[PDB]
Amino acid sequence: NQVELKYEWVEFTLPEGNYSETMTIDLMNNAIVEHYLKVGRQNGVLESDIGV
Amino acid sequence: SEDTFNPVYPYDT
């Protein structure tokens with residue numbers, strides 16, 4: 001009946017080039033998504049409870 | 001249908 005939730009610090013990486021403050025923010029979150037599309041959806045966490 | 005794999009990207013419509 002338990003529900004164990006695991007969290008682990010992960011260093012993200014952004015591409016060289018793109019400017020503009022808004023565009024950088026979208027990329028910071030794009031990195032959060034690419035992490036989920038390689039570790040998240042395959043283990044357990046949903047698209048709803050996405051941290052950060 | 002498979003059952004477990006949501007590309008997570010509104011491809012539709």
# chains A, B, ... in the order shown; residues from 1 in each chain; ligands from 1

call {"tool": "residues_around", "arguments": {"residues": "range 11-15 of chain A", "least_positions_apart": "6", "cutoff": "12 Å", "atoms": "only C-alpha atoms", "output": "list in words"}}
result
residues 23, 24, 25, 26, 27, 28, 29, 30, 31, 32, 33, 34, 35 and 36 of chain A

call {"tool": "closest_atom_pairs", "arguments": {"of": "chain B", "to": "chain A", "cutoff": "12 Å", "atoms": "only C-alpha atoms", "output": "Markdown table"}}
result
| residue | atom | partner | partner_atom | distance |
| --- | --- | --- | --- | --- |
| B:4 | CA | A:42 | CA | 8.4 |
| B:5 | CA | A:41 | CA | 7.3 |
| B:6 | CA | A:41 | CA | 7.5 |
| B:7 | CA | A:37 | CA | 7.8 |
| B:8 | CA | A:47 | CA | 7.3 |
| B:9 | CA | A:47 | CA | 10.3 |

call {"tool": "residues_around", "arguments": {"residues": "residue 45 in chain A", "least_positions_apart": "4", "cutoff": "10 Å", "atoms": "only C-alpha atoms", "output": "NGL selection string"}}
result
:A and (5-6 or 36 or 39-41 or 49-51)

call {"tool": "write_last_selection", "arguments": {"atoms": "N, CA and C atoms", "output": "short mmCIF file (atom, residue, chain, number, x, y, z; two decimals), in the first residue's frame"}}
result
data_model
loop_
_atom_site.label_atom_id
_atom_site.label_comp_id
_atom_site.auth_asym_id
_atom_site.auth_seq_id
_atom_site.Cartn_x
_atom_site.Cartn_y
_atom_site.Cartn_z
N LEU A 5 8.66 7.56 -3.31
CA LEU A 5 8.98 8.59 -4.30
C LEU A 5 10.47 8.92 -4.25
N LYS A 6 11.16 8.68 -5.36
CA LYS A 6 12.60 8.95 -5.44
C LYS A 6 12.94 10.22 -6.21
N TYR A 36 12.99 13.66 -18.78
CA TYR A 36 11.80 12.86 -18.53
C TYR A 36 11.58 11.85 -19.67
N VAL A 39 14.22 8.97 -18.76
CA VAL A 39 14.25 8.37 -17.43
C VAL A 39 12.86 8.34 -16.81
N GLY A 40 12.14 9.45 -16.94
CA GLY A 40 10.81 9.58 -16.37
C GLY A 40 9.71 8.62 -16.78
N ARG A 41 9.14 8.84 -17.96
CA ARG A 41 8.04 8.01 -18.46
C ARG A 41 8.29 6.50 -18.56
N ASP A 49 2.99 15.13 -12.47
CA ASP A 49 3.90 15.50 -11.40
C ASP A 49 5.36 15.70 -11.82
N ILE A 50 5.56 16.56 -12.81
CA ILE A 50 6.91 16.86 -13.30
C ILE A 50 7.53 17.98 -12.46
N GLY A 51 8.57 17.63 -11.70
CA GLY A 51 9.24 18.61 -10.86
C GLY A 51 10.05 19.63 -11.64
#

call {"tool": "decode", "arguments": {"residues": "chain B", "atoms": "N, CA, C and O atoms", "output": "short mmCIF file (atom, residue, chain, number, x, y, z; two decimals), in the first residue's frame"}}
result
data_model
loop_
_atom_site.label_atom_id
_atom_site.label_comp_id
_atom_site.auth_asym_id
_atom_site.auth_seq_id
_atom_site.Cartn_x
_atom_site.Cartn_y
_atom_site.Cartn_z
N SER B 1 -3.48 -2.66 -28.23
CA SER B 1 -2.55 -1.54 -28.34
C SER B 1 -1.50 -1.59 -27.23
O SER B 1 -1.83 -1.54 -26.05
N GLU B 2 -0.24 -1.68 -27.63
CA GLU B 2 0.86 -1.74 -26.67
C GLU B 2 0.35 -1.65 -25.24
O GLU B 2 -0.07 -2.65 -24.66
N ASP B 3 0.39 -0.45 -24.67
CA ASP B 3 -0.07 -0.24 -23.31
C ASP B 3 1.07 0.22 -22.41
O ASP B 3 1.62 -0.56 -21.63
N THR B 4 1.43 1.50 -22.52
CA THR B 4 2.51 2.06 -21.72
C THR B 4 3.57 2.72 -22.60
O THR B 4 4.58 2.10 -22.93
N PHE B 5 3.33 3.97 -22.97
CA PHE B 5 4.26 4.71 -23.81
C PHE B 5 3.61 5.95 -24.40
O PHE B 5 3.04 5.91 -25.49
N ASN B 6 3.69 7.06 -23.67
CA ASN B 6 3.10 8.32 -24.12
C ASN B 6 4.16 9.31 -24.58
O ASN B 6 4.72 10.06 -23.78
N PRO B 7 4.43 9.32 -25.88
CA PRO B 7 5.42 10.23 -26.46
C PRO B 7 5.48 11.56 -25.72
O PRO B 7 6.51 12.23 -25.73
N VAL B 8 4.38 11.93 -25.07
CA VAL B 8 4.31 13.18 -24.32
C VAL B 8 4.49 14.38 -25.24
O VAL B 8 5.28 15.29 -24.95
N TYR B 9 3.76 14.39 -26.35
CA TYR B 9 3.84 15.48 -27.32
C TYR B 9 2.60 15.52 -28.20
O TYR B 9 2.52 14.82 -29.21
N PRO B 10 1.63 16.35 -27.82
CA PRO B 10 0.39 16.49 -28.58
C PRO B 10 0.64 16.45 -30.08
O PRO B 10 0.82 17.50 -30.71
N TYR B 11 0.66 15.25 -30.66
CA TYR B 11 0.88 15.09 -32.09
C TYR B 11 -0.38 15.39 -32.89
O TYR B 11 -0.31 15.80 -34.05
N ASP B 12 -1.53 15.19 -32.26
CA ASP B 12 -2.81 15.44 -32.91
C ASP B 12 -3.13 16.93 -32.94
O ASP B 12 -2.59 17.71 -32.15
N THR B 13 -4.01 17.33 -33.86
CA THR B 13 -4.64 16.38 -34.77
C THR B 13 -4.06 16.52 -36.18
O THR B 13 -2.86 16.70 -36.36
#
